[PDB]
Amino acid sequence: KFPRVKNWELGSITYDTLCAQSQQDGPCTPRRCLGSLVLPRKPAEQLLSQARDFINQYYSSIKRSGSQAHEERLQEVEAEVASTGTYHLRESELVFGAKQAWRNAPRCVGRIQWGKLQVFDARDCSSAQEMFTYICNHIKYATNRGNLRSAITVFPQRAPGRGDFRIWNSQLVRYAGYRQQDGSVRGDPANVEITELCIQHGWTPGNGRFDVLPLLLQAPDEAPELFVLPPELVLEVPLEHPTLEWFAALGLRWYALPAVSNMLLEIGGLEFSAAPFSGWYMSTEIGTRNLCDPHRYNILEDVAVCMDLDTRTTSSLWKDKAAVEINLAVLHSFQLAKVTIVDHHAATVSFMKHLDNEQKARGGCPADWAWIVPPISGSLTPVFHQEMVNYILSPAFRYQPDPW
Amino acid sequence: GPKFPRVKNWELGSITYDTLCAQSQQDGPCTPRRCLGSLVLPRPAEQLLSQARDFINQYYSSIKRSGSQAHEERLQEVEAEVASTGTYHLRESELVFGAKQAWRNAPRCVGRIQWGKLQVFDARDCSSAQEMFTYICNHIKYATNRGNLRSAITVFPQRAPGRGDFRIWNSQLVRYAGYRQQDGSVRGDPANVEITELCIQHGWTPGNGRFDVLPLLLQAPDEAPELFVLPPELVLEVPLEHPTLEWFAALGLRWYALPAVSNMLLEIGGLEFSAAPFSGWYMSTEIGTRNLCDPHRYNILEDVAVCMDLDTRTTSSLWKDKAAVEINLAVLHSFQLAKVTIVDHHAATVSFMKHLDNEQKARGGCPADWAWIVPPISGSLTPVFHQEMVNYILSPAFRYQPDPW
Ligand code: HEM
Ligand code: HEM
Ligand SMILES: Cc1cc(CCNCc2ccc3c(C)cc(N)nc3c2)ccc1C#N
Ligand SMILES: Cc1cc(CCNCc2ccc3c(C)cc(N)nc3c2)ccc1C#N
Ligand SMILES: C[C@H](O)[C@H](O)[C@H]1CNc2nc(N)[nH]c(=O)c2N1
Ligand SMILES: C[C@H](O)[C@H](O)[C@H]1CNc2nc(N)[nH]c(=O)c2N1
Ligand SMILES: [Zn+2]
């Protein structure tokens, strides 16, 4: 049947009926539940049916379903696909698809914002070099002297029997991670592979802990070229703690723009293999994960030491204590630097309203509970106590293999 | 590769495959098109024989006598019993085996490293509500062990064909009362309101503290539940205090030492033990974060926060976070002071990683509910956050059942 969804702090109950229109399978079956898995294990009128749907969405979107602006566009798509085994989106259909993709993304806690999205059409792109300029202008628009702005840039759709446009980096801004022969890593351990790929394509590596990587940009069926971001573009914030004055002296810093460049944007059967998008950070992304994750910069113990805590045992909650001070120093710094950012408390509160908006508009909202609940203070936020239904709506952002 | 789920740990990069879920014979909440893993409660001699046979097989396999003559004789023995009396009965050691298995098979339990060490008390002879109370008193004494807590379960008679069930009406053996106020608010534990008013409807003389231990509502077959009050010295409590905040002690917060669930059904070989309370010991965050800081429980976060002189009028002061940490600290500190068994959420999840590693070798996987295994604070600061998990129902099982009223 149709799932009962309950908030356990409030006592309220909904019914997700939007899930009924899920056309692709998630990882689960009745026998096993694989909801905690980060990545998934894995003719022509399948395309044509995917594209019919998306068009129906778009015209229902702009109130005028079943007109003939509608049904003519239906015949365009059908005709185009019938003759070429593919078709093309009109720019405004693309702006719609891009907003629907964000709206539909079960893992995003920021979809209250989903309507306010700047879409740059960059399909008139024929080279790595053009790709670079597009990206450079994405970042300046999006960074916006620190008053950040949600933005996506969309490079040419994939094509049968032609390579893909790809951005090799996982994010537009990331820090180099140089493996030390001595087991260790200087910089961000999440970026070792790509760091070396850069080096491999002739980047002159630094030896810093927060060195900004260059971009490997790749036009179809050509070697990836390498581009170095004008240092002006990369807005960084130094971290410092509003009361702990030794904190600033930890040399910690984080870039301001969260822009993801390795996912696939799927609209109406069409796949866009380079379509980087960006927003602003939630504090816990920087302060809990990027800095305290054991397989990341992993600074819990350092801070703990300067906080003169009891590292000797876990039941002193030294880790917990350290973490809170880091998250505070990240909110402090960004606020003091006037760079946009949101705390996990503010974010999940707004997501709860989004849930309510969504429930009334579409009868539901696909959400991945494990990703929607922040990495600290789990039950201290309202989304913890909220049941969620998860499913794949299209348009959709997706994971795809790395181009090497 | 393998036709089984591939499971990865993102901290260590390590990979496993769950082969044990192939023996999950009962379907859960999710389907290919919808995941329902966040839901707390998703909704004949024929059928008995199957479950029966399966369990006996598990058993003889656990004692490495699978396909032996004792094995095939047990199966005939059960078939015979089911054939005449519609039901069948477990041997002592079968029961013990099943009880430990049901614990072992429990996805939401982070304490399962210990699953092999479980005192099973057989109360299948128990024949009155009066006797239920005595067994339950006995359990609490043994399990509490003056603060050196010991895990245990007590098993009262199984559901019988056309005969009322043994039921303990209370959710736990120890629960603080919830009193609906003249205002609308609740004094004490809002969770326990319904049971609290039921105690009263059944004759309890209610107090009015924040921490009034409820009486037991104990129901023998086809009899109205009878009220039983627990002798206060049997119910060990811990006065919460903070190692450096001297004022914390003044808040008069206490919690009881023994988590003991009394309303779950225990199922083995298709046999239903409607009343089979079991107990372990607390993990720090259960008390400090859920029970004391949940908006819909004692809700003391803002109060602690105000005492801490925090900016409770901005989310970004992380005043909620600062106070949550110190409340958990106070819980840990206080139980350690009182010499009462308690495990912090760090050390607990670390033990569970070892259990996972053990279960991988022993069975080919471990059924696990990620959202219940990850602590309610400091989530990613524990190893289990970075551990993918597979959730499926194995039997023997601890199940939920409707409230008897
Ligand atoms: C405007 C401010 C935004 C905030 C505060 C925000 C917040 C978040 C957070 C906390 C996550 C979890 C990611 C993680 O823990 O690694 C996430 C993921 C995600 N967000 Fe948002 N987001 C924002 C804007 C956007 C925009 C503009 C888009 C797309 C146009 C978007 C689409 C997504 C998608 C597709 C994911 C899944 C990430 C993945 O699986 O790699 N979000 N977001
Ligand atoms: C020995 C120390 C133990 C610890 C630290 C422990 C810890 C926990 C925790 C933290 C939960 C989460 C419950 C919640 O937040 O509501 C839980 C659940 C559970 N535990 Fe354990 N536990 C222990 C012993 C046991 C024992 C002895 C049994 C059974 C014989 C057991 C069976 C279960 C079951 C069935 C659940 C699921 C609760 C539900 O589904 O409502 N646990 N445990
Ligand atoms: C290692 C890994 C990591 C991730 C991380 C998820 N993506 C991070 C992300 C992606 C987009 C964001 C956006 C759009 C905004 C924001 N504040 N944070 C965002 C954070 C996903 C898959 C894998 C894999 N494999
Ligand atoms: C109201 C409610 C509450 C719960 C709580 C789950 N049971 C709590 C529990 C049960 C057994 C435990 C055990 C055995 C040990 C321990 N440390 N904590 C334990 C905690 C589950 C479902 C519902 C519902 N509906
Ligand atoms: C294994 C686990 O599912 C995985 O680490 C998830 C858990 N929840 C998460 N939640 C968010 N927001 N981001 C993440 O990367 C993860 N990782
Ligand atoms: C809605 C959500 O599933 C609910 O709050 C769950 C989350 N995880 C939990 N985890 C544990 N251990 N205990 C709980 O009661 C819950 N509640
Ligand atoms: Zn699932």
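Structure determination for this PDB entry is given in the record as X-ray crystallography, at a resolution of 2.550 Å.

Chemist: Explain the overall build of chain A to me, and be specific about the residues and the numbers.
Modeler: The helix and strand inventory of chain A stands at 10 helices and 18 strands. For 404 residues, the compact-globule estimate of 2.2 N^0.38 gives 22 Å, and chain A sits close to it at 22 Å. Dimensions along the principal axes, computed over C-alpha positions, put chain A at roughly 70 × 60 × 40 Å. Relative to its 404 residues, chain A shows a buried fraction of 53%.

Chemist: So what about the site of ligand 5? Which residues, and what values?
Modeler: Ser36, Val38, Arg289, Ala370 and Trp371 of chain A together with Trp370, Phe385, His386, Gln387 and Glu388 of chain B make up every residue found near ligand 5. At ligand 5, the nearby residues belong to more than one chain, namely chains A and B. For ligand 5, a nitrogen atom lies 3.1 Å from a polar atom in the backbone of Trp371 of chain A. One of the backbone N or O atoms of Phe385 of chain B is found 3.2 Å from an oxygen atom in ligand 5. Across the complex, the protein chains shield 84% of the 400 Å² of accessible surface that ligand 5 would expose by itself. Taken together, the residues that form the shell around ligand 5 break down as five nonpolar, three polar and two charged.

Chemist: Lay out the coordination of the iron atom of ligand 1 in plain terms, naming residues and giving numbers.
Modeler: Of all protein atoms, just one serves as a donor to the iron atom of ligand 1, and that atom is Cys108 of chain A (SG), at 2.4 Å. For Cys108 of chain A, the location among the structural elements is in the loop between α3 (91-103) and β3 (118-121).

Chemist: Would you mind going over the packing of helix α8 (residues 318-336) of chain A against helix α8 (residues 319-337) of chain B in detail, with residue names and values included?
Modeler: Put simply, α8 of chain A and α8 of chain B touch, their axes get as near as 10 Å, and they point 175 degrees apart. The angle between the axes of α8 of chain A and α8 of chain B places the two elements in the roughly antiparallel class. From α8 of chain A, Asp320, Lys321, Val324, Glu325 and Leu328 of chain A reach across to α8 of chain B, where they touch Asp321, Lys322, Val325, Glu326 and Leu329 of chain B.

Chemist: Describe in detail the sheet that holds strand β13 (residues 265-268) of chain B, supporting the description with residues and values.
Modeler: Residues and elements named next belong to chain B. In space, the three strands of this open sheet follow the order β14-β13-β18, with antiparallel pairing throughout. Edge positions in the open sheet fall to β14 (271-273) and β18 (397-399), since each of these has one partner strand only. With strand direction ignored, the average angle separating the axes of adjacent strands in the sheet is 30 degrees. Judged from the three bridges that link them, β13 and β14 form a sheet pairing that is antiparallel. Along β14, the bridge assignment pairs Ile268 with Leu271.

Chemist: Provide a residue-level description of the site of ligand 1, including the pertinent values.
Modeler: Residues and elements named next belong to chain A. Of all residues adjacent to ligand 1, which total 17 residues, the nearest are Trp102, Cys108, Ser278, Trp280 and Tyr399. Separating an oxygen atom of ligand 1 from a side-chain N or O atom of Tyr399 is a distance of 2.3 Å. Per-class residue counts for the shell around ligand 1 are 12 nonpolar, three polar and two charged. Built from parts of two domains, the shell around ligand 1 gets at least three residues from each of domain 1 (16-123 + 150-160 + 264-278 + 348-372) and domain 3 (236-258 + 281-346).

Chemist: Mind laying out unusual backbone geometry, listing which residues take part and the relevant values?
Modeler: A negative phi angle characterises most non-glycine residues, just as the trans form characterises most peptide bonds. The linkage connecting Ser394 of chain A with the following residue, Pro395 of chain A, adopts the cis geometry, with an omega of 0 degrees. Residue position: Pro395 of chain A is located in the loop between α10 (369-372) and β18 (396-398). For the bond from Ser395 of chain B to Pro396 of chain B, the omega torsion is 0 degrees, close enough to zero to count as cis. Within the element layout of this structure, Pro396 of chain B appears in the loop between α10 (370-373) and β18. Phi angles above zero are rare outside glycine, and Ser377 of chain A is one such case at about 55 degrees. Within the element layout of this structure, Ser377 of chain A appears in the loop between α10 and β18. By relative accessible area, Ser377 of chain A is classed as buried at 5%. One non-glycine residue, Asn145 of chain B, adopts positive backbone phi at about 50 degrees. Structurally, the position occupied by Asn145 of chain B is in the loop between α4 (129-144) and β4 (152-155). Residue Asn145 of chain B is classed as partly exposed on the basis of its relative accessible area of 23%.

So, how was this worked out
Residues numbered from 1 in each chain as written, not as in the entry; some residues may be left out. Chains lettered and ligands numbered in written order. Heavy atoms only, no water. Helix = DSSP H or I, 4+ residues; strand = E, 2+ residues; numbered from the N terminus. Rg over C-alpha atoms; globule rule 2.2 N^0.38 Å. Buried < 20%, exposed > 50% of the residue type's maximum accessible area, 1.4 Å probe, protein only. Near = heavy atom within 4 Å. Polar contact = N/O pair within 3.5 Å; in protein donor to acceptor, adjacent residues only side chain to side chain. Areas by Shrake-Rupley, 256 points an atom, 1.4 Å probe, with all protein chains shown as cover. Nonpolar A, V, L, I, M, F, W, Y, C, P; charged D, E, K, R; others polar. Donors = N, O, S within 2.8 Å, 3.2 Å for Na, K, Ca; no water. Axes fitted to C-alpha atoms, helices over the stretch in contact; angles between N-to-C directions. Parallel < 35°, antiparallel > 145°, perpendicular 65-115°, else oblique. Contact = heavy atoms within 4.5 Å. Pairing = 2+ DSSP bridges. Domains from an automatic or database assignment.

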